[PDB]
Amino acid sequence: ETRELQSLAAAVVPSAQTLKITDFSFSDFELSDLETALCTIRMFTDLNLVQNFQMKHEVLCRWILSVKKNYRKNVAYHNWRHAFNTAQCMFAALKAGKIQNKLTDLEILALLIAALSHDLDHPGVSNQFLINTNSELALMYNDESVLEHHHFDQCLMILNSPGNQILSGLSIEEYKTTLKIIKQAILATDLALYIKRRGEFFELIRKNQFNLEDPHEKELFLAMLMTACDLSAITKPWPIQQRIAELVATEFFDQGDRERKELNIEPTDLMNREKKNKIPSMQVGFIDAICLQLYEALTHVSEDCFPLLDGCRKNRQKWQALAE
């Protein structure tokens, strides 16, 4: 819609202070879609990206709305609000968490774009579902990070779209580099890849060998940061985290519904509304096995990222209290 673009581009963008986007404890629940878009513009602006890379205001506005409209409204969790929340946690980590200081302008540009774009056109079903249902996507990408490849494809398609070319102001070297960072950052949101690569990260920190001047370590850090931001709802104040957890479960059970009907299987516990009683012990196991070490390691990298760790620990106890 042209009107929606014109509304957004003509709107005054409140300050980061007013929008509370620097807060790790930030919540989007009370915000309109328009307000989420204004927040996004402010993230680009206060990370000095609109200035640095000479972005036209209307081009940025169109791109944001194009990203937003390419998330599905019938997917409970992996929708625009999750993407938006991921981007906001990135902003918070960069600003209040002091990660900005450790990265180049290009890396920040690519990280912001990847956060917003990383679940584009998510269908509300997992990679394994797409593989099982012989979807053409799983065929294109050899059953490997299927959704994530698709998300990157969508990201590129929008970046290439007339009027949406927010990177048109980059030099060729910067453009190529930025696109590569974006691709690797979006792929990193496959939790399979996180598991595969996190040991190296944890051991670099343990041996005091962590050095962001190393290109390979930089890429590794960026992947870890993406996973951290992506999973950050789990670190939110209990009532916020609890509401988002309900959405996560809704999407998982919707998939299980599809699996019963389309595949005639009993879904795995994660996907099985009939076994919703497992949610709390499953949240505890997930926090222990996946989340805690990540937020610890990030705090090791920058002590100002502690609130994510604190939040995660507090929510673990709450879930454990329900489970035990």
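A residue's number is simply how far along the shown sequence it sits, counting from 1.
Looking at the entry, does 60-68 or 257-265 show the higher mean C-alpha B-factor? The stretch with the larger mean CA B-factor is 257-265.
Entry-level comparison of average CA B-factors, 134-142 and 229-237, reporting the higher stretch: Mean B over CA atoms: larger for 134-142.
Which has the highest CA B-factor per the PDB entry: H118, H149, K98, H78? Across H118, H149, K98, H78, the entry lists the biggest C-alpha B-factor for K98.
Which one of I108, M90, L212, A223 shows the biggest C-alpha B-factor in the PDB entry? The listed residue with the largest C-alpha B-factor is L212.
CA B-factor placement of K278, once the chain's modelled residues are sorted into thirds: Its C-alpha B-factor, which the entry lists for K278, ranks in the middle third among residues of this chain.
Is the Cα B-factor recorded for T86 in the lowest, middle or highest third of its chain? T86: CA B-factor falls in the lowest third of its chain.
Once the chain's modelled residues are ordered by C-alpha B factor and cut into thirds, is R198 in the lowest, middle or highest one? Middle third of the chain for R198's C-alpha B-factor.
Third of the chain's Cα B-factor distribution that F26 belongs to, per the entry: According to the entry, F26 has a C-alpha B-factor in the chain's middle third.
What third of the chain, by the recorded C-alpha B-factor, contains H122? According to the entry, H122 has a C-alpha B-factor in the chain's lowest third.
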